[PDB]
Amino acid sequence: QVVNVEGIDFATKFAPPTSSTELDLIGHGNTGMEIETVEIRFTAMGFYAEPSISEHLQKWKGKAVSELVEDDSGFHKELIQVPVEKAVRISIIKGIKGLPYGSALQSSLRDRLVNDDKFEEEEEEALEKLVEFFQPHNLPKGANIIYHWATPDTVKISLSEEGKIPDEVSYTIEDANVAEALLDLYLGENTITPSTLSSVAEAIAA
């Protein structure tokens, strides 16, 4: 089974690189960029988790999607902290160099960490090293990025510029606060992909 997301096929079941834990596709969506106000569709993405995520979030079943995604609903934090394995697959639609992409991640993660009073010396150096990992790469159209939260406290990053699914992980975020902030970037109250978050909330509320 596959779902078509922006003309990209997303498998409905997925084991991240080097993992044998099979995750279910929970929701899908896109992110954007802009050049001088012109809006450009930037990536397609899918959010995956162990199917027991539904039981962890039982209290949200039956509620309206609007009530789940709304500010101060409490849903976002519960989704982010659920202790099952999770992953995000990103497929690049408009190509970008690695340094601008990594610097944008750095900006958005710094915002969230400073909001929590968690931007101490350790976190600042973890973001610098993440930028440095991305800097030598190019991310052409079709490139795949995988972020895999085996635990909520780390992220395994796998990357294939050629657009295959990688077999090895390329980088590991070991800082727990950066790991949670990267999940908040996609599923938080200030998500950069309201489409993906709305899609996940529909599946949980179903």
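Note that residue numbering follows the sequence shown and begins at 1.
Higher average CA B factor: 65-73, of the stretches 169-177 and 65-73. Taking the PDB entry as given, 157-165 carries the higher mean Cα B factor of the two stretches 48-56 and 157-165. Taking only the listed residues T151, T37, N144, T43, the entry reports the highest CA temperature factor at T151. When all modelled residues of the chain are sorted by CA temperature factor, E78 is found within the middle third.
When all modelled residues of the chain are sorted by CA temperature factor, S20 is found within the highest third. Sort the modelled residues of the chain by CA B factor and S195 lands in the middle third. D184 sits in the lowest third of its chain by CA B factor, as recorded in the PDB entry.
For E122, the recorded CA temperature factor ranks within the highest third of the chain's modelled residues.
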